[PDB]
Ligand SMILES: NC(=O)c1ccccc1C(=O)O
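First comes one chain, alone, set out as structure tokens in the form deposited without ligand KLW.
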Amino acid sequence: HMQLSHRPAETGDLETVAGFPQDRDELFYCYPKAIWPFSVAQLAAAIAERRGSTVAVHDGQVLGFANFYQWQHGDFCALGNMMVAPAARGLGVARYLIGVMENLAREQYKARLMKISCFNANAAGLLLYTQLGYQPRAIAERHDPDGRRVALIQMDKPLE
């Protein structure tokens, strides 16, 4: 059923992708420095300062997005802005796209490790990365937009 493809993000994709976060919690999870409501301008500013912004496509629809917010040649990349269209969740889009990003870290950056950080409330995120072989390494305190204390779970995975 799912025949996924990927390509670099394009201008025309930004309206779609900016529609993906459904609430303030989802935006915080994937882009904690953004302010609700999300906007194309905020997404474009992330793209401009990051690397590897990639979309996943199925049946002619952009269904997922990700990029790197850290990249260190020969060392590691950190994967962020991971978001999937709400109508397409639970179908393997993030799994697919994380694979693609792992290959790109290996290929382009000669990375031996992928890092991700997932906020504590985001069970789907934590289970996603656990299923894909990431292990938790540390927990950092952060604050949410209401000033409330949250836990940021830093995970990683060897790439090879």
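Residues carry their position along the shown sequence, with the first being 1.
What comes next is about the form solved in complex with ligand KLW, which does not appear here.
Contact annotation for residue 69: at least one heavy atom lies within 4.5 Å of ligand KLW in the deposited bound form. Remark: residue 109 does not count among the residues lining ligand KLW in the deposited bound form, judged by a heavy atom distance of 4.5 Å or less. Contact check for residue 105: no non-hydrogen atom falls within 4.5 Å of ligand KLW in the deposited bound form. Although the partner is absent here, residue 56 sits far enough away that none of its heavy atoms falls within 4.5 Å of ligand KLW in the deposited bound form. Annotation for 52 to 82: interface residues with ligand KLW in the deposited bound form are 69, 80, 81 [heavy atom within 4.5 Å].
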